[PDB]
Each structure stands twice: as structure tokens, then as C-alpha cells.
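Below is one structure, written out as C-alpha cells, with a few remarks after it.
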Amino acid sequence: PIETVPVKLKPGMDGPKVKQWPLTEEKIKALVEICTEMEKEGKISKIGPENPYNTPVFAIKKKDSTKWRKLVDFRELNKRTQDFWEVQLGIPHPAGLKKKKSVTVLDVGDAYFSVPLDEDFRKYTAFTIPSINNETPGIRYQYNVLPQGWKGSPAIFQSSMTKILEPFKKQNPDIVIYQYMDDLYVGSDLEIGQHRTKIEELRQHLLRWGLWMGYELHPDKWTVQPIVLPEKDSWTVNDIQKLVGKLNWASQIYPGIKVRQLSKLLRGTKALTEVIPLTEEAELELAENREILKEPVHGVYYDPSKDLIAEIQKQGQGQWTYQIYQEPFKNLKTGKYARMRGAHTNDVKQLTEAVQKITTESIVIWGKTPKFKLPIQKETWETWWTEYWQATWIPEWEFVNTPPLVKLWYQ
Amino acid sequence: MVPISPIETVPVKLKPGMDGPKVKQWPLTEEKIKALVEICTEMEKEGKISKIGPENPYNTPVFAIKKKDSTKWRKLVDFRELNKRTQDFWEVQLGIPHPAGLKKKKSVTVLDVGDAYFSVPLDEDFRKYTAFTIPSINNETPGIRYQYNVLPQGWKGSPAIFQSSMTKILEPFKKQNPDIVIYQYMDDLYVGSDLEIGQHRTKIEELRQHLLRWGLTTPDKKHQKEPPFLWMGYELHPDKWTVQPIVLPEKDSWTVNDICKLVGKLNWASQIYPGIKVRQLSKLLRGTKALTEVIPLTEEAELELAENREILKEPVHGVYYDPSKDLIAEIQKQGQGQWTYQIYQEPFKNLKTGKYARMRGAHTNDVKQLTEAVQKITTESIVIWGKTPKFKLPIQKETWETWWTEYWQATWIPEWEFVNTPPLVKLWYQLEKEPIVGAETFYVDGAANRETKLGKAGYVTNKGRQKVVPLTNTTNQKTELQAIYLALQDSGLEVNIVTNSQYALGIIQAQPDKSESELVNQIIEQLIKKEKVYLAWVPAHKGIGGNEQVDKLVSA
DNA sequence: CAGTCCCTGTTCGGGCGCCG
DNA sequence: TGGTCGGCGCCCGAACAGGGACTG
Ligand SMILES: Nc1ncnc2c1ncn2[C@H]1CC[C@@H](COP(=O)(O)OP(=O)(O)OP(=O)(O)O)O1
Ligand SMILES: OC[C@H]1O[C@@](CO)(O[C@H]2O[C@H](CO)[C@@H](O)[C@H](O)[C@H]2O)[C@@H](O)[C@@H]1O
Ligand SMILES: [Mg+2]
Ligand SMILES: [Mg+2]
């Protein structure tokens, strides 16, 4: 008996129509059990084929959780609702969250089930549950409450959320709280033990309003990955040719790079393995270049209107490099990941872990998730990615095949 | 209250701002009219159909075709114009059940609902739009106008509404009988239990009573008490299954339409018959105009078709699924980008077979194609059994390790073991990581004129070796490849090559063993003969070394 | 600095097979 | 006679996307 905030799609846009993909037996069993309880509790109810909208559903286990979590791929619906959540009820982003020594992420999605959902909107939350070997046709549902993973859920519930938060916020003014979809980001500068304790305080606070979470971040530890030039006692023609190619590409980012004195070293038509002593002019040109690469790019700043783009490169030996940017060659952050889960045995698991970590940093730093350019073949990713996914959100991605002429980001 | 109400209906709006179909009927031959009039008049007595006064301003064509393997006739309505204006549904039929999915059951019953579409009520408000006019032996007698009171055949909402309505009815029975297996596909029901045969028939009749309550009638004629059951085009036996026999046309002269039937038959056959190959038979269909046109069979498509028929000669069968035992998929390379696979649990007792022949990319190798087959098999398995089989692959463990660790794309194969069945899949050549000491260094470049299509390809080397070759009807890309080919032709068994072509370097670094381009194939042929090749890239027009010199030669 | 042309890869609708 | 609906599979060709290199 709560008022339902009306919702509308962006003008001229129909609802999502996205086929359900095949699910493993364990995921289907988990979903059938989850949906039976949700139907009994009135959160969802069965629907007919007359509803023409569908969104994919599958199940995940969060890191170390061991307990299945229903997850709906609302990316198509969210884009169709995109104006409403950012324009009307959007959450301001705390520039200070990235500076806190410790940040914990809490899954408050269960709270969303309290509020009901606009009756006219429920037609768009439809999802079909498949059956092994197509024994039965698809069992369709739709949501009667605010669904987890929809971008309207945290916005409609923001009025409710702040009142629940407000006693805790006054008691600890310094602590910073940010809400992205089903997640609550809680950042303190306290020592480890006090921090964990204050999270328990905010847990009880959530409990008496009608959920345990242990995922801890340290955004101050986060560092960047500078472009680096090799140090060599002696340089072959091949070494200088590689260096010139790397510097020339780098000069699209740092305009102060100069290759003239290093190019002079390769004037002839020489064997690749021939050793070339460096001249003083080249030593200094190389020195000045190494200094420039320590510097920041001029006039790179985040723009709230523009989308974030993330690019990833597979460097081998379990190493991955990424760049986040909005305009080409204006990189807001660049990083490297090593020794992740599945290192040396599984590229797809490692790439999956990388996408999650990069998305998390973007939520913390900018309150957005980037669009990923993934170094993988579309069919390889789609076959396996859900097997390794442990997050409650899903970024946008596309697939690229760029062979690496030069190793600019790694060494 | 002229018509009674049976089971819950499904609201069905028209597309907004659009109105019901009006289009004149077909000039139906009187021979068909005899069958149609007899059946259609019967419908009104049941309440399936109703007469309408001219207050109903809608007309939609009608026709009929005989039920296969039966004397009965099928009553179809060409609702093409009504579909266009009817609201969109979400299909609930997500795929086809496969017999390899089925577990062994002690007692199996296959039963068929009768007049399944005609037993499900249409939406009350929507009933008006059905309207069609019946025809007579002459054009003198007008014929009555009729509106459906139930789901009709030829509409676009009929299958989804029936399947959803059927599922709702079945759900109470399956909740009361958790240990009964019911495969529901359209109106065909497969019922399997481990109950002893007498007790099983009790549940079967009890299920028939349950369906009867909602007006669903299961005639004895389509009841299947005794094996082998006929289900989804398969023959089901207690411990094995097989496809119902497939007849392949014998024609001495083949048209285009002929080959399509053939190909489509062999694809159906390859789900159990191992080693079916359609590559050369499909080669005949590429770039053809008329479906009617006659085409002669090459000695490739003929030899293929010969052994394809002989594989079908011997009867083969699949087994059923034992959740206790592992799933295993074995793949063999069949040549010319053709792969076949077998999925089994006990050795030599196959659950199903299949083929992956898709040519993907202009340049590729066997390792990529093997990876594609593994993915296709994995998704196919998740549909049928909900798990990934263990893979037995004709690729050495070290070959795979060299490929995936060095490739620039994320790539992965799930748990697998090596099987030593030739032909093994391997990398035909390996590019060096570092420049080769004592090998001649070839600086290669090529250019071409966009307008004339004339160009040059050439190289310069540290030893003083030089070449320039004129080329006609080429492109910049093609001359860049040509330059690399020239260096490979004219070099010893170990060679360093420096190019500024990102295009060429990208193709060659992916270690292709096959290409659509003949030029790449010749480059491959040379790469295989070398002992060591180091390819390196430099940026053009930067005044680098040999690259500047060879660029001047080919630009001329 | 636009505008092409190469070249590649994706998508989508057509035909057939199969199931109601 | 030629003619309907939905689902899935294959193989095809055409239409479309987009990234580099080169032309003014
Ligand atoms: N060629 C076709 N066109 C349109 N719909 C069709 C169809 N073939 C089948 N269907 C649809 C229509 C309904 C269903 C047909 O199944 P049954 O062949 O078994 O005919 P049923 O109505 O059940 O009568 P029964 O044989 O039991 O006496 O699938
Ligand atoms: O991976 C591509 C696959 O995306 C689908 C199915 O889930 O779309 C989802 O992912 C897209 C890419 O991020 C989003 O653009 C889309 O909104 C989302 O539904 C497919 O239709 C597509 O083939
Ligand atoms: Mg029937
Ligand atoms: Mg050149």
C-alpha cells in the first residue's frame, strides 16, 4: 500500500526484446528455487506470451559466497530507461570516495523488494526461465516490486534510503556513502578494525528497517601504469627500431616526444642484430623523453556528459593492461593487472576478473561503468563469461581484434 | 449465453491504431470445397465457430491441405494480413528436445492431444477479427461467414498461446506427480516413469482425466502404449533411439532445389550418422540464380555423395543419458575446414554426433577452427544436458599451450585431454621472438597507384641484395604482401624481414595455415619451409634505415 | 584536416531440412 | 492447382560497420 512512482521509457523507444540464452543445470535449478520463493512472497508473478518483452536471466555466486544469486541482464532495459535515472532521481557522486583508505561494498538489493513497482512498467521486467533439453516451454515471469539490477530501483528507493542512512551519517559525519545499483559503497579513513565495526553498525541500521557483505577496497593503494622505455647497456638496430616505433606512437599522447636524434642512428641499411653505440645527442633525447613520460598529459580531465571507454590488452604471462578514456589519446587512467585468478590457465576467467575490477574502479572514481573493448572473439566470450561473473552489474562491451605492432603499454 | 466458456483465455490486442483484416477469398477448387464444408459446419455444433451477420466487416482467405499419413484434412487460414496487424508475442518455445537428452525410463507413453488448437479459447474481444467467408460448388450460393471461438491455424499467436495454456494445465499434475517425466512439445506429450507397467498406465489414464477436465482429448489412435515409440521424428526403444528412415532422392540430373533437399536431409542425418560431409555438395549452390536451374555434379560433390550414401547404408543408433557417468566429446579433423564430433559416455556407445564445417575469416588456421568447434559443442551440450562434456582433442597439449599463451586474443578450451588420432592439429610455422643473428635482413615495401592500379614490390638488404618488380591490377595492401613474398622467396632458411605494413603483419602474426587469398597461401608455403623467420614493423616515412630506401624504389 | 578505397567482419533474410 | 503459423538447424549472398592508408 505504498505509492508507486510512475516510470516511462525514453521517448520513441520500445521495451527490451532479448532472447534468453542457455543455462547450466545448476543455474536453472537455482533459478527455479529462487523464483518459487519470490512468487510465494509476491515479488514476481507468472505471465503469458501476450507480453512481448523479455530480458535474459542467469545466476551467479559472489566471491567466496557459495550461495546462488539471481541476476537479470537489464542492460537493454536500462538504456531504454536511461533519461529517467540520470536526469530525474540521479545520485550525486562523492569525489572523496576514491581518497578513503578503506571502502566496503554492500549488497542492499534486497531492500528494493519492499517498494512496489508501477503497474504500467511491470510489463518491461519480463524474464523467461529455460528448461534443460527443452522439456517444458519457457516459464515467464514479471516483477511486481523494484527489481535488482534495474537502474530505477536505486533511484525510486533513494528517498527511502537517505532516511535510513541519515541517523548513521550524523553519528559519523566523516564517513562517505555512495550508492550504485544494488551496491552501497562505504568509505572511511579509520583503521581497519574500527572500519569493519562501523560497517556492522550500518548493517544493524539496515536490519531494523527490514545482507552481510565482505568486499573491501583500498582506492588509495590503486596506482597507474606509466609508459616506460627500456634501459640497455647496448642497443641493436632492432632495439632502436622498436624504440622509435614506440616513441612515435607515444607522440600521439605526449606531443613533446622527439625521435630525430634516435632516428639518426638508423640511417644505413643495416643488419637487425648489429650493435649501435648511442651518441650524446641520442642519450639526451632519450633522457628527455623518459622524463616527459613521467609527466601528465596536458588538459586531460573527466567530462560528466561523455561515456567512459575501457580498452584491455593481453600481455601474456598473466599480465593485462588497460586504459580508461573518453576522448582518444586522452587517458583518464591506465593500469596493469597481474597474477589474477585463472592466471596461466584461463584467459577468459582472467579477462572476466579484469572487466570486473576495472568497472569497480570506475564506479568508485566516477560513478559510471565504462564500455569495454574486449580482446576476445565474440563467440568465445559469450560461451564462458557467465561462468566467471561474480558482480551484480554488467557493463557494456564490444569485441576488437587488434594485433600488437608495438608493446606501448607493457614492456 | 450462446457459447460456453472453458479454460482461461489470453488477452490479445491489435497493434495500435490498426483494424481487422479485409481481403477477398481464393478461387478454391470444388474438390477441396467438399472437404472444407463438411468439417467447417461441424465446428459450429461444438461451439468452435460461430455465424456472423454482415455487421462483421472482415474477410480473410482460407485453404486446406491433407494431414500427412492420414485421410483427414487440415483447416488453415492465411492470416498473413492479420498477423501484420496483430500485437507481437514472446515465443515460449526455446528449442527442440533431443532424444540424447532423455534418461532411461521403465515405462514410456506418448500421447497426442486432439484438435489441440481448436480446444483453446481465443480472446473474446479479438474473436471478431477472424471473419472469413466460406465458398460453394458454384458462385451462385453465397456461403456463410464465420468467426473463430478458439485458437485457429495460420495465426501468429496460436503456438505461443497454446504452449503457455498447455503448460498451465500440466503444472498441477506435475506437482502432484514429481517423479513423472513429461516432455511437452506443442500437443505431443511424452510421459516416462520408473513405475512398473501396470501402475504407469494408471497414471497415464489419470493424466488423461486431468487433461479431459479442461476439454483436452487424447484419442486412442495417437496413444502409444507399446515401443518403439515415434516421437519428434525419432524411433524410441527401451535402450536405444534412432532417426526415422531418411529417403535421399535418386535423380540422375540435379536441379538447384534438388541439392537443397539433399543437403538439408544430410544435416538432419548427421546428428547420429558419423562423418557426414556436405562441403562439396554445398559448393554447387554458391552464386546461383534460379532455384529451378539444373546443375551438374563435380567429381568432388559426386565422390562425397557416394560415401555419404554408404554411411547411411548401415543402421546406427544413439543411446540415452546417464547423469551418473561423465559426458565426453571427441573431435576429428576431416580436412578442408570440416570437423566431426561424437558425444558419448561409455566408449563406442554414442549419444549423438555432429559436424562443424563453418569457414570463419579470410585467413585462419586449424587451431582456431578447433576452438570454434569446441565452443559449438559446448553450447549444444548445455542445451541438451546442462553441462559441458570433457573433451578429447587431436591436438598435443604443448601445441595448444604455445598457441593460447602467445595469441593476442583471450582464448580458452574447457577441461580436455589429448587423443593421438591423426591427423593431428598443429602450428605449421612459428615466428621468432627476437632477430636472428647472422640472417640476412630484408627491408620490404610496396606501393600502388589508386587510379592506374599499377604498382611495385621490392626489397633491399644489408648484404646489398635488391629487387623491384612491377605489378599490374593491384592495391597497396597486395603489394605489401608481395614485397614480403619476394623476401621469403629470395632468402635463405633463416631471414629477418622489416615491413611497415600493419595489414600484412597482422595476417602473418596470427599463424594462418589456409587463406582465401592465393597470395597469402604462397606466403604460408614459404613460411613453412623456413627454419627461422623474424618479422618486425617500423613506421613509414620516419627516415628509418632500409625502410626509407626500399620505399623510394617502390614509390617510383 | 574530409573523403575515398581496400579489406575485413558482422548481421540478417532467403532457401532447405526437421518438429508440431 | 500455386497458397498459413511458430520453433530449431545448415549455408548462402547481400547489405552494413569500421579501421588504415592514401589523395586533395
Ligand atoms: N502445417 C501446419 N500449419 C499450421 N499449423 C500446424 C501445422 N501442422 C501442425 N500445426 C499445429 C496445429 C496444431 C498442432 C498440430 O498437431 P496435430 O498434427 O497433431 O493436429 P491436431 O490439431 O492436434 O489434431 P489431431 O492430429 O490430434 O487429431 O500444431
Ligand atoms: O554480447 C553481445 C550480446 O549482447 C546482447 C544479449 O545479452 O546484448 C546485451 O549486451 C549488449 C552489449 O553490451 C548490450 O548492447 C545490450 O543492450 C545487452 O542487452 C545481444 O543482443 C548481443 O548479441
Ligand atoms: Mg494433435
Ligand atoms: Mg611504402
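Here are a few things to note about the model shown:
- Taken over segment B:111-157, the residue count meeting the criterion of being within 13 Å of DNA strand C (Cβ to nearest atom), within 14 Å of another protein chain (Cβ to nearest Cβ) and over 18 Å from B:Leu76 (Cα atoms) is 0.
- Members of segment B:512-532 found to be within 14 Å of chain A (Cβ to nearest Cβ) and more than 41 Å from the chain's Cα centre (by Cα), listed by number: B:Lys532
- Residues of segment B:415-433 that are within 14 Å of chain A (Cβ to nearest Cβ), surrounded by fewer than 17 Cβ atoms within 10 Å (Cβ to Cβ) and more than 30 Å from B:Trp537 (Cβ to Cβ): B:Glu415 alone.
- Strands (runs of 3 or more DSSP E) fully within segment A:330-411 that include at least 3 residues being away from ligand 2 (no atom under 15 Å from the Cβ): A:330-338.
- Test result for A:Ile199, more than 30 Å from A:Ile394 (Cα to Cα) and either assigned to a helix (DSSP H, G or I) or in contact with an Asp or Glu (Cβ under 8 Å, 6 or more places away or on another chain) (or both): no
- Residues that are out of contact with any strand residue (DSSP E or B) (no Cβ under 6 Å at 6 or more places or on another chain) and not basic (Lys, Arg) were ranked within segment B:473-485; the one that is farthest from B:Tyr443 (Cα to Cα) is B:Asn473.
- Yes/no for B:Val469 being away from DNA strand D (no atom under 13 Å from the Cβ), away from chain A (no Cβ under 14 Å) and over 18 Å from B:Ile508 (Cα atoms): yes
- Residue among B:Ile180, B:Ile204 that alone is more than 16 Å from ligand 1 (Cβ to nearest atom), within 24 Å of A:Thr128 (Cβ to Cβ) and away from chain A (no Cβ under 11 Å): B:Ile180
- If you go through segment B:506-530 and keep only what is of a type outside the set (A, V, I, L, M), outside any helix (DSSP H, G or I) and either within 16 Å of ligand 2 (Cβ to nearest atom) or farther than 16 Å from B:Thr441 by Cβ (or both), you end up with B:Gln511, B:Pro512, B:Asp513, B:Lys514, B:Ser515, B:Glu516, B:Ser517.
- Lone unmet requirement of (1) within 16 Å of DNA strand D (Cβ to nearest atom); (2) surrounded by fewer than 21 Cβ atoms within 10 Å (Cβ to Cβ); (3) hydroxyl-bearing (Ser, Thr, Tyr) for B:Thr353: (2)
Yes or no, residue by residue, for (1) more than 13 Å from chain A (Cβ to nearest Cβ); (2) within 16 Å of DNA strand D (Cβ to nearest atom):
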| residue | (1), (2) |
| --- | --- |
| B:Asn476 | yes, yes |
| B:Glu480 | yes, yes |
| B:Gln489 | yes, no |
| B:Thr499 | no, yes |
| B:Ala504 | no, yes |
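- Meets criteria (polar (S, T, N, Q), within 26 Å of B:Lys175 (Cβ to Cβ) and away from DNA strand D (no atom under 16 Å from the Cβ)) for B:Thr242: no
- Which numbered condition B:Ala64 misses (of (1) part of a helix (DSSP H, G or I); (2) within 14 Å of ligand 1 (Cβ to nearest atom); (3) crowded, with 17+ Cβ neighbours inside 10 Å): (1)
With ideal geometry, Cβ positions are generated from the backbone for all residues, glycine too; neighbour counts draw on all protein chains shown. All of the numbers you see were taken from the coordinates with simple rules; none came from a lab.
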